[PDB]
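Protein chains in written order, with the deposited numbering: chain E, 3 to 166; chain B, 9 to 226; chain C, 2 to 207. The C-beta atom is built at its ideal place from N, Cα and C for all residues, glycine as well. Quick notes on the structure that follows.
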Amino acid sequence: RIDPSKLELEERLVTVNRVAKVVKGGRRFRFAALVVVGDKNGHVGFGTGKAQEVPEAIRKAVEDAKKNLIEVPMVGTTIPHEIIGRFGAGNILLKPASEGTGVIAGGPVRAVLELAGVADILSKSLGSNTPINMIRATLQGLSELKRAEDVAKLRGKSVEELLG
Amino acid sequence: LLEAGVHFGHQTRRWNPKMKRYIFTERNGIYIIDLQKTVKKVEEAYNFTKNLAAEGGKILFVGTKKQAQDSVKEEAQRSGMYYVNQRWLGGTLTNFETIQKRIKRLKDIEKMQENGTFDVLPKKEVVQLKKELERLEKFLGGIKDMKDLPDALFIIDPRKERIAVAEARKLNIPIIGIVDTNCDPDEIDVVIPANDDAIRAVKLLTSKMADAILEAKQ
Amino acid sequence: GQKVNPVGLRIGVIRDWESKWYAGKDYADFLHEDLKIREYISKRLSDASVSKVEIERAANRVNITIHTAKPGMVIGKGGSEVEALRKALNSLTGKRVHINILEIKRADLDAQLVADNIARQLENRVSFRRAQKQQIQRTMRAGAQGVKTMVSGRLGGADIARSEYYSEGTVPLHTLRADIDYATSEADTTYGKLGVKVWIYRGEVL
RNA sequence: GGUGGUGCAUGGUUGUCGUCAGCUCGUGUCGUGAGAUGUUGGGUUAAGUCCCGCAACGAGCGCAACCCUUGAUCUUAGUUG
RNA sequence: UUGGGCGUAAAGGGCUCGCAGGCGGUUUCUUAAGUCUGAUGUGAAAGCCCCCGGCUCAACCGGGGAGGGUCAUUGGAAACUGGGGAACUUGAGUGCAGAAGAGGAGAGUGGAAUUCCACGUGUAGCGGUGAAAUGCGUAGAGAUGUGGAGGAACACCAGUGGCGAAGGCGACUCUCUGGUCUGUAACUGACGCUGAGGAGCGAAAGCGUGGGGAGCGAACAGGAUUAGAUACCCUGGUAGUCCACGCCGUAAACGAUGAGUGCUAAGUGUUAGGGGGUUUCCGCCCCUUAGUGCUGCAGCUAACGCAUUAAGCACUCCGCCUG
């Protein structure tokens with residue numbers, strides 16, 4: 003599945019990284035920028051773009067993020083349950099919280115979750131501090147999340163006894 | 009036919025174990041039951057293609073197997089939708105824009121050689137141009153008049169055509185194809201488990217698909 | 002080791018000298034007064050902007066043709082001013098002179114005018130990035146076949162200078178059939194000196 | 001007014017590797033990332049020259065040509081030759 | 001622990017046998033130590049927390065609660081961990097029939113060589129390196145044909161073959177002796193795994209005693225190269241290399257991967273088997289254990305890469321790591 007572009011999406015440039023290549027004529031520099039893009043209703047996804055000029059590199063990155071998007075469950079403006087993101091030594095814990103706490107996460111993680119629009123959530127970063135790997139791990143977790151209704155239908159049961 | 013023409017099986021016994029694990033005593037190949045299990049899935053693909061034709065989508069047939077290109081060519085022409093006959097150049101769908109903007113050059117060249125300028129360099133222009141014409145058109149084939157992404161794809165050998173199926177995944181195009189015993193049924197939405205080596209069977213079944221969509225049209 | 006000047010190379014084969022007079026035994030002083038009048042008119046018309054001025058000789062009477070659309074606005078209101086200034090050229094040359102104004106339509110593809118535009122945008126404190134990136138696409142959609150533009154000097158990072166150039170299109174400099182018009186201009190800034198080089202591929206010649 | 005300093009404040013010029021055959025980008029793919037592909041593999045030429053394959057398809061600056069000049073000749077022109 | 005790792009980043013002990021200790025196949029009665037849950041008795045006051053009242057909010061000060069025991073007595077429950085009793089056989093062993101092997105220790109035996117010696121023939125060099133030189137030779141070398149003397153290793157077979165826990169183990173025979181695999185189902189019926197300390201093995205060098213010493217060869221000498229050459233090269237050559245008995249206890253003792261158990265796609269060699277389909281001919285194929293390699297899914301991996309001989313999924317036990 004792919005989510006089309008019939009939406010209003012904001013972009014939050016998390017980081018631009020200086021990048022260099024070594025050649026006979028000294029050094030060759032470029033600019034690699036990753037950005038997380040997505041509406042607040044619940045659609046998210048990152049992108050990347052490398053080029054020699056920062057603004058149009060960001061343009062590349064936002065186009066990539068638009069091309070690659072993901073949905074997330076949003077039970078009560080908060081995740082339904084526990085989850086650990088497990089991408090390449092990027093360990094991120096997420097926990098649902100009461101309806102007044104707010105967003106509690108690291109920089110890149112906070113950008114991703116706030117862009118998703120989750121109002122009340124807490125987290126923790128246990129793996130490497132690398133931003134892109136943070137993003138990949140947390141989005142793997144967010145994908146791994148499961149709504150309650152599909153769980154009920156999978157079990158052949160109903161929400162009332164699943165919550166009971 | 010709906011009886012077994014040439015669908016018996018593959019030449020050798022080194023294969024993918026995907027859906028071969030619980031069949032009873034049949035033959036050297038344990039897999040006789042494909043001769044029966046193939047018919048219902050051919051029917052399912054028939055209905056799928058009928059719905060595609062009914063909603064008006066345009067299927068294309070891709071094939072580079074040395075004993076299939078001509079067959080898919082002639083069947084594609086009088087079925088009335090697109091096809092590939094030669095080297096499946098990479099990333100056509102994911103870079104349509106490039107492909108449209110480059111076949112546009114071919115169309116402009118047909119215009120130049122049919123009505124436009126014909127004589128500026130009485131040897132040089134003609135000798136380079138006509139060669140360029142045959143060069144690019146031979147590789148491209150019946151992909152000239154796309155102006156839209158196909159609604160579905162039909163492959164003849166997903167093993168040889170790794171790039172074809174791979175490109176299909178990212179765009180989520182619904183995908184069909186005949187599946188040899190050495191193929192990988194996992195990723196294709198509908199499986200026609202026949203032997204890719206059967207030069208007779210491939211055209212017998214692709215014609216059975218062409219007339220399927222032709223009858224679905226009216 | 003840098004490139005040859007492209008118009009410097011193309012003069013006389015696909016380009017005219019912009020000084021179309023023959024002289025002999027008077028070549029030196031004719032040339033000298035040509036540079037003098039060029040300097041005068043360029044200095045005193047820089048605000049109105051002008052690209053190239055040709056000079057022509059007849060019976061010891063100099064005559065001029067001057068380019069760009071803005072001296073078009075100098076025709077109407079400056080019509081008195083045209084006579085007023087050409088009086089000065091009469092005084093300088095000794096013998097009286099004639100002039101003509103020719104309007105360069107589509108100024109976006111004149112090298113010297115583009116260079117002067119860039120120089121002004123730089124000297125009134127605008128960033129080289131915005132100025133250059135906007136001007137290139139302006140000229141391209143004005144209808145050139147290819148552009149390359151370049152600035153050099155202490156580009157904001159005052160402690161050290163560097164070079165930078167943008168371009169999008171087709172621009173063959175090694176081919177001696179193209180019409181690569183060339184110009185350059187100097188922009189003085191507070192933090193140093195800024196130079197500009199811009200050229201455009203208009204088209205081939207046949 | 002500085003042919004007084006500062007070419008490690010610069011413009012604008014010039015040498016050098018080197019007339020060597022390389023150097024890059026658009027879009028797309030693979031990688032997680034530095035990145036890779038195209039730009040590699042067969043021969044080819046002076047050449048990234050061309051053709052053949054190839055997740056690449058193209059484009060740009062380079063090479064070639066377009067320019068000058070010496071080599072055979074046709075038309076026009078015959079003075080101061 | 002909640003909350004990490006040990007193939008290349010720090011980290012698997014060199015290997016094994018095993019006391020204590022930690023863990024424990026299936027069924028079935030019983031016991032309630034662990035276990036879960038009531039009742040009672042306390043866990044002072046003042047603190048933190050909840051709810052109220054008062055200092056002109058509170059700082060604070062009151063009043064009432066709640067919490068706070070790996071807590072004592074007593075009652076209740078028996079699924080699981082312990083205790084006891086009765087089963088059972090898959091785990092683990094025994095017996096029975098085969099099979100293989102450089103498995104280990106002791107004795108003897110044999111073939112080609114190298115060297116030395118005596119002998120015949122034998123002239124002028126032999127040997128050696130990138131060139132050369134030191135060396136050996138007319139006191140007759142080297143070469144070449146005989147015969148001895150000795151000490152070391154077992155050519156091809158030999159194969160990413162086999163065995164062994166590891167070090168390691170290759171000529172032959174014999175004496176003694178260890179372990180493994182296959183098929184059984186006749187036996188015992190959980191007798192199992194791991195294992196700090198402990199004990200034993202543990203290449204080569206090395207040490208002690210007594211022999212032995214062909215070749216090789218640390219040290220050392222001579223000749224070369226070099227600016228120098230305490231080396232690389234050449235000619236010699238002591239100790240060692242070997243044998244018997246003790247000692248040391250280290251190696252990149254490496255698969256840089258602890259031991260045991262179960263599960264998780266395939267393909268392909270090869271070693272020792274067993275069964276079956278055509279013949280109880282050969283050799284054709286299909287199953288099947290146990291090894292021993294090579295590719296390759298999922299999975300893991302930071303990358304390499306591992307991938308039923310996991311570096312995957314899990315459980316016990318030990319060792320080790322924290323710039």
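Below 8 Å on the Cβ atoms is my contact criterion, and I expect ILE164/B with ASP204/B to pass it. Report the Cβ-Cβ distance as a whole number of Å.
6 Å
Short Cβ contact (7 Å threshold) for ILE201/C with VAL152/C
no
Please check the pair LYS69/E and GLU84/E, which I expect to be a contact at CB under 8 Å, by giving their CB distance rounded to whole angstroms.
So it is not a contact: roughly 31 Å between Cβ atoms.
Which residue wins for smallest C-alpha separation from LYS23/E, given the options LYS42/E, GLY44/E, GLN54/E and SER100/E?
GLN54/E
What span of residues does the beta strand (DSSP E) with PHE31/E cover, start to end?
28-40
Can you tell me where the beta strand (DSSP E) with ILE107/B in it begins and where it stops?
Careful: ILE107/B lies outside any beta strand (DSSP E), inside the alpha helix (DSSP H) at 104-122.
Quick check on the burial criterion: 16 or more other C-beta atoms within 10 angstroms. Buried or exposed for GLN138/C?
exposed
Using CA atoms only, rank isn't needed, just tell me which of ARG20/E, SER145/E and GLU58/E is closest to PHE31/E.
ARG20/E
Residue of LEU95/E, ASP66/E and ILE123/E minimising C-alpha distance to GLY78/E
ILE123/E
Here's the rule I'm using: 16 or more other beta-carbon atoms within 10 Å means buried, otherwise exposed. How should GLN226/B be labelled?
exposed
Is any non-hydrogen atom of the ligand MN found closer than 6 Å to the C-beta of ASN93/B, if you look at the structure I gave you?
The ligand MN is not part of this structure, which contains no ligands at all.
What does DSSP give as the partner residues of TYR167/C in its beta bridges?
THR150/C
Just the Cα atoms here: how many angstroms apart are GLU133/B and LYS52/E?
40 Å
With distances taken between CB atoms, is the gap from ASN180/B to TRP23/B smaller than 7 Å?
no
By Cβ distance, which residues of its chain are closer than 8 Å to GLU65/E, with the 5 residues on each side in sequence left out?
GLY49 and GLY51
Quick check on the DSSP output: what are the complete alpha helix (DSSP H) runs of length 4 or more inside the segment 14-67 of chain B, in order along the chain?
42-63
For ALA206/B versus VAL14/B, is the C-beta spacing smaller than 7 Å?
yes
If you pair each beta-carbon of the segment 164-177 of chain C with each one of the segment 109-124 of chain C, do three or more pairs fall below 8 Å?
no
Which of the three DSSP states is assigned to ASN131/E in this structure?
coil
Per DSSP, which one or two residues make a beta bridge with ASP182/C?
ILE201/C
Using a 10 Å radius around the Cβ and a threshold of 16 neighbouring Cβ atoms, would you call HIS68/C buried or exposed?
buried
Please state whether DSSP places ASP122/E in a helix, a strand or coil.
coil
Specify whether the segment 88-105 of chain E and the segment 131-149 of chain E touch according to this definition: at least 3 beta carbon pairs, one from each stretch, less than 8 Å apart.
yes
Per DSSP, which one or two residues make a beta bridge with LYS194/C?
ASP189/C
If you pair each beta-carbon of the segment 114-128 of chain B with each one of the segment 84-104 of chain B, do three or more pairs fall below 8 Å?
no
Among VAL75/C, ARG126/C and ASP182/C, the one whose alpha carbon lies nearest that of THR150/C
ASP182/C
Going along the chain, which residues of its own chain have a beta-carbon closer than 6 Å to the beta-carbon of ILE183/B, five neighbours each way excluded?
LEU161, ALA176, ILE196 and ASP197
Taking only three categories from DSSP, how would you classify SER92/C?
helix
For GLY154/C, which residues from the same chain have a beta carbon less than 7 Å from its beta carbon, with the 5 sequence-adjacent residues on both sides left out?
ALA162, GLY193, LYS194, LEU195 and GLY196
Report the rounded CA-to-CA distance for residue 267/C versus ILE76/C, giving the unit in angstroms.
The displayed coordinates of chain C run from 2 to 207. Any statement about residue 267/C would go beyond what the structure contains.
What would DSSP say about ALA84/B, mapped onto helix, strand or coil?
helix
Nonlocal neighbours in the same chain, by C-beta distance under 8 Å from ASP159/B, ignoring five residues either side
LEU60, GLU63, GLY65, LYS66, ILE67, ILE181 and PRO182
Alpha carbon of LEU213/B to alpha carbon of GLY44/E, nearest angstrom:
46 Å
Where the alpha helix (DSSP H) containing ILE119/C begins and where it ends
112-124
Beta-carbon proximity check, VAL16/E vs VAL46/E, cutoff 7 Å
no
CB-CB length for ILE65/C against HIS99/C, believed under 8 Å
7 Å
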